[PDB]
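**Q** What follows is a structure written as structure tokens; I'll ask about it next.
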RNA sequence: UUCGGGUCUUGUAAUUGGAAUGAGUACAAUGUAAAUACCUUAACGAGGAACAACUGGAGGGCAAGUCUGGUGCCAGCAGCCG
RNA sequence: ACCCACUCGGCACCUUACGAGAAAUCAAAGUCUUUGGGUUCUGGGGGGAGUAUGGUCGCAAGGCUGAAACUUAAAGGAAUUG
RNA sequence: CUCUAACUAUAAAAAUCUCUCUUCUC
Ligand SMILES: [Mg+2]
Ligand SMILES: [Mg+2]
Ligand SMILES: [Mg+2]
Ligand SMILES: [Mg+2]
Ligand SMILES: [Mg+2]
Ligand SMILES: [Mg+2]
Ligand SMILES: [Mg+2]
Ligand SMILES: [Mg+2]
Ligand SMILES: [Mg+2]
Ligand SMILES: [Mg+2]
Ligand SMILES: [Mg+2]
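Chains as they are written, first to last, in the working numbering: chain W, 3 to 97; chain B, 2 to 61; chain H, 12 to 155; chain E, 428 to 647; chain X, 59 to 83; chain F, 7 to 69.
Structure below.
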């Protein structure tokens, strides 16, 4: 059990819209945007991802539309987060 | 945690490096004197004849 | 043997043989086709200044892993648009979009270098002052 | 350095008896050499310079096993050259075996003149070539004092030869060192293997030393 | 890929573009 | 050999080299002047000749 | 025999003194159409002789570190391999 | 018609290196750094691509002629060991 | 130093596959 990672004014939590090739991903970000994110190294083939997950993503302060994955939540931490209210709860994802 | 700050800071490690200040630095002789001093260091004040010249040896 | 013309009065055929064979090596062909001016946004120029449009971060190639801070720029001398890398770590904050930047070559005669694809151009002077000077804080941008 | 050296290879026995003045009487009669103590005894001051220790690998069912090939050149800078390439698991053993091999394959050369012969000929006597793989090496004689114009490896080879001046030219992929050194060594060894026109006279074919001194060999 | 089939694709494209040009005239 | 251009220009070269004295007075042959071993031209520097004459005492002093 | 002469030579203090002069000044003249500038040359003019040599690099090509601190496939570096 | 022996010409074959090459191997792929018998035609890293266009021939399929922009540090040959 | 003989006969199906590649002088 690892502690979940909070946002520190420069990264935000997003929902994978679809899965794109070559390390890209489309992330519906909970800021009213459909951003594009990259597989940050140290995580490419060490932590797998996919459609219908919740990922912490760090935004590029100079280039807006593109951003990079940082940390993903394993079906436990994201539900906790929506319980506190760190994320808008209107996006419903349940298997 | 996984990242201390926000990635792509565009010059991050510059800001977090610990600054250090040049010490007193006695003036090394320059020009002809520099060449004389270096030649004296290498070939007439010979330090290691045990095979390798191994000059500027790491302190260990 | 050595099936090239070899008589004492065979200057023309052998010379034109060379004249047609030289069209194979790339440097000579590029030199005479004049493609260094129609192509190659640097109009045969070692340097050219341009105006910044935005600051895009280009992803590295496969074995390396990093996100190199490049910058788009529209040149003045011919109007064409191109990206350009920003060396010398602490200098993306020096870009200040909509400022003049003096681009040079990038070490590979108009070819992408190493792990930084889609770009072939360095950056040496911005706002008149040198990136090497800015990075080591010997001079400052007047900020016009 | 126990100089016991029980002499196998009858020639060596003669060398032990001190009945050979110099390796000339060997080379003149094309006498094969097998024991390195012979070349140690005759030429007293061999100097060696290992040129490269190349790692070499092979694939077995369990990982990669590695040896090292030492390419060491030996000589005395007075008209005697030799080359030894030898491989072993240990670097030191490899270089020692390469020293032995190079000492066995000592080759004498023909130092000639660029023109207007003077004391102590400086350059080669004839343009001479050699080949190994695609390394095709060429040596052209040099005017006195022009120095050795060659690649680092060939330059060291020429210095070990004693030739103070020779121009070189190599074609092919001289990136490899073993092929380049072997080809250059063959070329420098072919200097005698080329009929120089100042040698019309056919000599009376002096008796071989191990022929006239076959009695002292094979100590019963 | 096998160059036979790449050439076949290219010739299919040639046929399509030639038919388009013929319809244009 | 004996070519008048050879005989004149080479002899002038020898004359200059013995006037400067880098070449010895015995090796005047147009052949020895082909190998000089660059140290020799250094030996005729003003500081070097001063030190060999004295007055210098650790050449840098003279320098 | 505890030593220990230091028996044979090197440097380390980076402390202390006796000499010399340029770079800058500058009387004057020479120089020049007039001039500065150069060559001289009075008087000045060196102790940290602050009168302070930068520019690149230290895995290989390629001389030179497997010393220390920080970052932790991020920042970047890297002409090619990395 | 066979057998023998000799010769001229062709498809070839066997042994071999004393030559060749990177090697597979070649009696020509030799007589080549000891570079020179006469001659035509091809190629200059790999993709783009034998593609775009321009011709040119063809009823048609297409053939011949034939690049660049750009991208890349390899693609490839031969043999060796697993 | 003379020698030209013996033979058998199967093909069912079987797709896909993640990091991480680096060190030899005495
Ligand atoms: Mg990323
Ligand atoms: Mg100063
Ligand atoms: Mg520095
Ligand atoms: Mg450093
Ligand atoms: Mg080095
Ligand atoms: Mg460190
Ligand atoms: Mg650096
Ligand atoms: Mg090509
Ligand atoms: Mg193609
Ligand atoms: Mg057509
Ligand atoms: Mg193969």
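For each residue, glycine too, the CB sits at the ideal point set by N, CA and C.
#1: Determine the extent of the beta strand (DSSP E) in which residue 585 of chain E is found, giving its start and end residues.
#2: Enumerated in chain order, which unbroken segments of the alpha helix (DSSP H) with a length of 4 residues or greater are wholly contained in the region 530-602 of chain E?
#3: Under 8 Å Cβ-Cβ, which residues of chain F neighbour residue 572 of chain E?
#4: Tell me where the beta strand (DSSP E) around residue 444 of chain E begins and ends.
#5: For residue 87 of chain W and residue 492 of chain E, I'd like the C-alpha separation in whole angstroms.
#6: Which chain H residues are close to residue 21 of chain B, counting only those with a beta carbon under 9 Å from its beta carbon?
#7: Should residue 59 of chain X be labelled buried (16 or more other beta-carbon atoms within 10 Å of its own) or exposed?
#8: Among E:562, E:592, E:564, which has the Cα closest to the Cα of residue 571 of chain E?
#9: What is the DSSP secondary structure of residue 40 of chain B, counted as helix, strand or coil?
#10: Is residue 11 of chain B closer than 8 Å to residue 103 of chain H when the C-beta atoms are compared?
#11: Kindly indicate if chain W contains any beta-carbon less than 8 Å away from that of residue 114 of chain H.
#12: Is the distance from the Cβ of residue 550 of chain E to the Cβ of residue 569 of chain E below 8 Å?
#13: Determine, using beta-carbon pairs with one atom in the region 22-38 of chain B and one in the region 83-97 of chain W, whether at least three such pairs fall under 8 Å.
#14: If contact is defined by three or more beta carbon pairs under 8 Å, each pair taking one atom from either stretch, is the region 21-28 of chain H in contact with the region 47-61 of chain H?
#15: Since residue 92 of chain H and residue 79 of chain H are thought to touch, with beta carbons under 8 Å apart, how far apart are those beta carbons, to the nearest angstrom?
#16: DSSP puts residue 55 of chain W in a beta bridge; with which residues?
#17: Determine the direct distance from the alpha carbon of residue 523 of chain E to that of residue 149 of chain H, and round the result to whole angstroms.
#18: What are the partner residues of residue 68 of chain H, as DSSP defines its beta bridges?
#19: Below 8 Å on C-beta distance, what does residue 64 of chain W contact in chain B?
#20: I'd like the list of long-range same chain contacts for residue 25 of chain W, defined as Cβ closer than 8 Å, with 5 residues on each side in sequence excluded.
#21: Quick one: list the residues of chain W neighbouring residue 2 of chain B, beta-carbon separation under 7 Å, in chain order.
#22: Check whether the Cβ atoms of residue 67 of chain H and residue 81 of chain H lie closer than 8 Å to each other.
#23: Rounded to the nearest angstrom, what separates residue 514 of chain E and residue 460 of chain E at their Cα positions?
**A** The short version:
#1: Here residue 585 of chain E belongs to no beta strand (DSSP E); instead the alpha helix (DSSP H) covers 579-588.
#2: Complete alpha helix (DSSP H) runs here, min 4: 579-588.
#3: The answer, in chain order, is 40, 41, 42, 43.
#4: Annotation: residue 444 of chain E is outside any beta strand (DSSP E); the continuous alpha helix (DSSP H) that includes it extends over 438-444.
#5: Spanning the two alpha carbons is a distance of roughly 60 Å.
#6: Chain-ordered listing is empty here: chain H has no CB closer than 9 Å to the CB of residue 21 of chain B, the nearest sitting near 15 Å.
#7: By the 10 Å Cβ count, residue 59 of chain X comes out exposed.
#8: Nearest of E:562, E:592, E:564 to residue 571 of chain E, Cα basis: E:592.
#9: If DSSP states are grouped into helix, strand and coil, residue 40 of chain B belongs with the helices.
#10: Contact: yes.
#11: Chain W, which has no Cβ nearer than 8 Å to the Cβ of residue 114 of chain H, makes this no.
#12: Closer than 8 Å, so yes.
#13: These segments do not touch.
#14: Segments in contact, no.
#15: Their Cβ separation, rounded to whole angstroms, is 19 Å, which puts residue 92 of chain H and residue 79 of chain H out of contact at 8 Å.
#16: Bridge partners of residue 55 of chain W: none, in fact.
#17: Their Cα atoms are separated by approximately 58 Å.
#18: As a beta-bridge residue in DSSP terms, residue 68 of chain H pairs with H:80.
#19: Around residue 64 of chain W, the beta-carbon contacts reaching into chain B at under 8 Å are 9, 11.
#20: Residues of the same chain with a CB within less than 8 Å of the CB of residue 25 of chain W, apart from the 5 flanking positions on each side, are 40, 41, 46 in chain order.
#21: What residue 2 of chain B touches in chain W: 7.
#22: Result yes, Cβ atoms of residue 67 of chain H and residue 81 of chain H sit closer than 8 Å.
#23: Answer to the nearest angstrom: the Cα atoms are 21 Å apart.
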